[PDB]
Amino acid sequence: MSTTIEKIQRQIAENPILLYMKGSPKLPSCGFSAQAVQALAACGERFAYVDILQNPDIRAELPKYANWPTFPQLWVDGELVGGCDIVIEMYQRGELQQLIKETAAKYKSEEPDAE
């Protein structure tokens, strides 16, 4: 199929906790993700993130595969949650870290992200 999404899906799936945002050297979230990134790290533990508002190719095709025209978009166990607003809301909800915790714990050690 698409000579990048196939790779990307393998990548999203492999990463325990994944976040797509813009990884500018000055700011590793140069977009909307700027507010969301804070929430994720705040709610759970450490997470993996992919620069995409910066990469032209990846920015276009891959987001469309999940839902969004582009990003930010948050992925838990390689499954889309939502990047900009969704992260903040679910952050406040607590459910985000609930997912992250369980996912992080099952992928790594006893990651006590949420609790």
# chains A, B, ... in the order shown; residues from 1 in each chain; ligands from 1
call {"tool": "residues_around", "arguments": {"residues": "residue 88 of chain A", "least_positions_apart": "6", "cutoff": "8 Å", "atoms": "only C-alpha atoms", "output": "PyMOL selection string"}}
result
chain A and resi 35-36+39-40
call {"tool": "residues_around", "arguments": {"residues": "segment 8-22 of chain A", "least_positions_apart": "4", "cutoff": "7 Å", "atoms": "only C-alpha atoms", "output": "ChimeraX atom specification"}}
result
/A:4,28-31,33,47-54,71-78,100,103-104,107
call {"tool": "residues_around", "arguments": {"residues": "residue 67 of chain A", "least_positions_apart": "6", "cutoff": "12 Å", "atoms": "only C-alpha atoms", "output": "ChimeraX atom specification"}}
result
/A:60-61,73-75,79-83
call {"tool": "write_last_selection", "arguments": {"atoms": "C-alpha atoms", "output": "tab-separated table (two decimals), in the first residue's frame"}}
result
chain	number	residue	atom	x	y	z
A	60	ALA	CA	0.09	14.44	5.01
A	61	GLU	CA	-0.55	10.71	4.48
A	73	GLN	CA	-2.51	13.13	17.47
A	74	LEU	CA	-1.90	10.98	20.54
A	75	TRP	CA	-1.52	7.20	20.28
A	79	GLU	CA	-4.15	3.41	18.94
A	80	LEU	CA	-5.37	6.92	18.20
A	81	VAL	CA	-6.85	9.01	21.00
A	82	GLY	CA	-6.56	12.58	19.71
A	83	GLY	CA	-3.79	15.15	19.74
call {"tool": "residues_around", "arguments": {"residues": "residue 43 of chain A", "least_positions_apart": "3", "cutoff": "8 Å", "atoms": "only C-alpha atoms", "output": "VMD selection string"}}
result
chain A and resid 39 to 40 91 94 96 to 97 113 to 114
call {"tool": "write_last_selection", "arguments": {"atoms": "C-alpha atoms", "output": "short mmCIF file (atom, residue, chain, number, x, y, z; two decimals), in the first residue's frame"}}
result
data_model
loop_
_atom_site.label_atom_id
_atom_site.label_comp_id
_atom_site.auth_asym_id
_atom_site.auth_seq_id
_atom_site.Cartn_x
_atom_site.Cartn_y
_atom_site.Cartn_z
CA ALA A 39 -0.90 17.16 29.79
CA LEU A 40 0.44 13.80 28.64
CA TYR A 91 -5.90 14.58 30.89
CA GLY A 94 -7.89 11.17 34.17
CA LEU A 96 -5.89 9.37 29.48
CA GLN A 97 -3.36 8.44 32.14
CA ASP A 113 1.81 6.40 35.35
CA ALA A 114 -1.67 7.25 36.60
#
call {"tool": "residues_around", "arguments": {"residues": "residue 112 of chain A", "least_positions_apart": "2", "cutoff": "9 Å", "atoms": "only C-alpha atoms", "output": "VMD selection string"}}
result
chain A and resid 44 to 45 101 to 102 104 to 105 109 to 110 114 to 115
call {"tool": "write_last_selection", "arguments": {"atoms": "N, CA and C atoms", "output": "short mmCIF file (atom, residue, chain, number, x, y, z; two decimals), in the first residue's frame"}}
result
data_model
loop_
_atom_site.label_atom_id
_atom_site.label_comp_id
_atom_site.auth_asym_id
_atom_site.auth_seq_id
_atom_site.Cartn_x
_atom_site.Cartn_y
_atom_site.Cartn_z
N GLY A 44 0.59 10.93 32.74
CA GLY A 44 1.28 9.67 32.83
C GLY A 44 2.76 9.81 33.08
N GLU A 45 3.52 8.87 32.53
CA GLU A 45 4.97 8.92 32.56
C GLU A 45 5.53 9.42 31.24
N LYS A 101 -1.16 4.52 31.68
CA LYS A 101 -0.62 3.72 32.76
C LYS A 101 -0.64 2.24 32.43
N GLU A 102 -1.81 1.76 32.06
CA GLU A 102 -1.97 0.34 31.79
C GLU A 102 -1.12 -0.07 30.61
N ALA A 104 1.56 1.59 29.38
CA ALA A 104 2.96 1.72 29.73
C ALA A 104 3.40 0.54 30.58
N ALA A 105 2.59 0.19 31.56
CA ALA A 105 2.89 -0.91 32.46
C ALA A 105 3.03 -2.23 31.71
N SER A 109 8.11 -1.98 32.49
CA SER A 109 7.98 -2.55 33.82
C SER A 109 6.66 -2.12 34.44
N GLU A 110 6.60 -2.12 35.76
CA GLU A 110 5.40 -1.71 36.47
C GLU A 110 5.22 -0.19 36.45
N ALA A 114 -0.52 6.63 35.95
CA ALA A 114 -1.67 7.25 36.60
C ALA A 114 -1.68 6.93 38.09
N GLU A 115 -1.59 5.65 38.39
CA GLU A 115 -1.58 5.16 39.76
C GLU A 115 -1.06 3.73 39.80
#
call {"tool": "select_by_dssp", "arguments": {"residues": "segment 17-48 of chain A", "states": "helix (DSSP H, G or I)", "output": "ChimeraX atom specification"}}
result
/A:33-43
call {"tool": "write_last_selection", "arguments": {"atoms": "N, CA and C atoms", "output": "CSV table (one decimal), in the first residue's frame"}}
result
chain,number,residue,atom,x,y,z
A,33,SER,N,0.1,20.7,19.6
A,33,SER,CA,0.5,19.7,20.6
A,33,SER,C,1.2,20.4,21.8
A,34,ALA,N,1.7,21.6,21.6
A,34,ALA,CA,2.3,22.4,22.7
A,34,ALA,C,1.5,22.3,24.0
A,35,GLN,N,0.2,22.5,24.0
A,35,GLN,CA,-0.5,22.4,25.2
A,35,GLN,C,-0.8,20.9,25.7
A,36,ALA,N,-0.9,20.1,24.7
A,36,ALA,CA,-1.2,18.7,24.9
A,36,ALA,C,0.0,17.9,25.5
A,37,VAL,N,1.1,18.2,25.0
A,37,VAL,CA,2.4,17.5,25.4
A,37,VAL,C,2.5,17.6,26.9
A,38,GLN,N,2.2,18.8,27.5
A,38,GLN,CA,2.3,19.1,28.9
A,38,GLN,C,1.3,18.1,29.6
A,39,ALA,N,0.1,18.0,29.2
A,39,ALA,CA,-0.9,17.2,29.8
A,39,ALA,C,-0.5,15.7,29.8
A,40,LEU,N,0.1,15.2,28.7
A,40,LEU,CA,0.4,13.8,28.6
A,40,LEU,C,1.5,13.5,29.7
A,41,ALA,N,2.6,14.2,29.7
A,41,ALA,CA,3.7,14.1,30.6
A,41,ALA,C,3.2,14.3,32.0
A,42,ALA,N,2.2,15.2,32.2
A,42,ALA,CA,1.6,15.5,33.5
A,42,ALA,C,0.8,14.3,34.0
A,43,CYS,N,0.0,13.8,33.2
A,43,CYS,CA,-0.9,12.7,33.6
A,43,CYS,C,-0.1,11.4,33.8
call {"tool": "closest_residue", "arguments": {"among": "A:62, A:69, A:46, A:25", "to": "residue 7 of chain A", "atoms": "only C-alpha atoms"}}
result
A:62
call {"tool": "select_by_dssp", "arguments": {"residues": "chain A", "states": "strand (DSSP E or B)", "output": "number ranges by chain"}}
result
A: 17-21, 48-51, 73-76, 79-80
call {"tool": "closest_residue", "arguments": {"among": "A:90, A:55, A:66, A:111", "to": "residue 24 of chain A", "atoms": "only C-alpha atoms"}}
result
A:55
call {"tool": "decode", "arguments": {"residues": "segment 16-107 of chain A", "atoms": "C-alpha atoms", "output": "short mmCIF file (atom, residue, chain, number, x, y, z; two decimals), in the first residue's frame"}}
result
data_model
loop_
_atom_site.label_atom_id
_atom_site.label_comp_id
_atom_site.auth_asym_id
_atom_site.auth_seq_id
_atom_site.Cartn_x
_atom_site.Cartn_y
_atom_site.Cartn_z
CA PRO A 16 4.16 1.76 23.88
CA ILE A 17 3.14 5.37 24.19
CA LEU A 18 3.24 7.53 21.11
CA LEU A 19 2.58 11.17 20.41
CA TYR A 20 2.70 12.90 17.07
CA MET A 21 3.68 16.54 17.17
CA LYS A 22 6.22 18.93 15.62
CA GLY A 23 9.75 18.24 16.71
CA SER A 24 11.46 21.55 16.08
CA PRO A 25 14.96 21.80 17.67
CA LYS A 26 13.87 25.05 19.35
CA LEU A 27 10.63 23.42 20.54
CA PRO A 28 9.80 19.68 20.21
CA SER A 29 6.10 20.47 19.84
CA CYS A 30 5.90 23.48 17.53
CA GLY A 31 2.16 23.34 16.95
CA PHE A 32 -1.07 22.65 18.82
CA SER A 33 0.53 19.74 20.59
CA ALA A 34 2.32 22.37 22.70
CA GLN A 35 -0.54 22.41 25.23
CA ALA A 36 -1.23 18.66 24.93
CA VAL A 37 2.36 17.49 25.43
CA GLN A 38 2.27 19.07 28.87
CA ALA A 39 -0.90 17.16 29.79
CA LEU A 40 0.44 13.80 28.64
CA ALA A 41 3.66 14.06 30.60
CA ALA A 42 1.65 15.48 33.47
CA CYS A 43 -0.90 12.67 33.57
CA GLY A 44 1.28 9.67 32.83
CA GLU A 45 4.97 8.92 32.56
CA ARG A 46 7.42 9.33 29.73
CA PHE A 47 6.25 8.87 26.19
CA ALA A 48 7.53 8.59 22.66
CA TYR A 49 6.71 11.31 20.21
CA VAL A 50 7.11 11.71 16.46
CA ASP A 51 7.77 14.91 14.58
CA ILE A 52 5.21 15.36 11.82
CA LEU A 53 4.13 19.00 11.65
CA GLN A 54 7.74 19.29 10.47
CA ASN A 55 7.98 16.29 8.05
CA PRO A 56 5.98 17.19 4.91
CA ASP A 57 5.38 13.60 3.73
CA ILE A 58 4.52 11.99 7.04
CA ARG A 59 2.42 15.04 7.95
CA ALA A 60 0.09 14.44 5.01
CA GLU A 61 -0.55 10.71 4.48
CA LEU A 62 -0.32 9.11 7.89
CA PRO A 63 -2.75 11.47 9.72
CA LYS A 64 -5.40 10.71 7.12
CA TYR A 65 -4.96 7.04 7.90
CA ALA A 66 -5.90 7.60 11.56
CA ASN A 67 -8.50 10.36 11.09
CA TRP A 68 -7.00 13.84 11.32
CA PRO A 69 -5.96 15.86 8.24
CA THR A 70 -2.64 16.32 10.02
CA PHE A 71 -1.71 16.41 13.72
CA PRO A 72 -1.17 16.60 16.68
CA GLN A 73 -2.51 13.13 17.47
CA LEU A 74 -1.90 10.98 20.54
CA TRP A 75 -1.52 7.20 20.28
CA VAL A 76 -1.85 4.74 23.16
CA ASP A 77 -0.54 1.19 22.49
CA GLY A 78 -0.49 2.41 18.93
CA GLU A 79 -4.15 3.41 18.94
CA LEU A 80 -5.37 6.92 18.20
CA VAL A 81 -6.85 9.01 21.00
CA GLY A 82 -6.56 12.58 19.71
CA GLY A 83 -3.79 15.15 19.74
CA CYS A 84 -4.75 18.73 20.60
CA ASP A 85 -7.98 18.96 22.62
CA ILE A 86 -8.47 15.28 23.27
CA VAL A 87 -5.25 14.99 25.27
CA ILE A 88 -6.11 17.99 27.45
CA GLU A 89 -9.68 16.87 28.07
CA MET A 90 -8.76 13.23 28.78
CA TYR A 91 -5.90 14.58 30.89
CA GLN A 92 -8.42 16.42 33.03
CA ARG A 93 -10.69 13.36 32.84
CA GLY A 94 -7.89 11.17 34.17
CA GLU A 95 -8.89 8.47 31.69
CA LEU A 96 -5.89 9.37 29.48
CA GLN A 97 -3.36 8.44 32.14
CA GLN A 98 -5.58 5.47 32.91
CA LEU A 99 -4.95 4.21 29.41
CA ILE A 100 -1.33 5.34 29.40
CA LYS A 101 -0.62 3.72 32.76
CA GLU A 102 -1.97 0.34 31.79
CA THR A 103 -0.37 0.51 28.37
CA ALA A 104 2.96 1.72 29.73
CA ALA A 105 2.89 -0.91 32.46
CA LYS A 106 2.15 -3.73 30.01
CA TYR A 107 4.89 -2.56 27.61
#
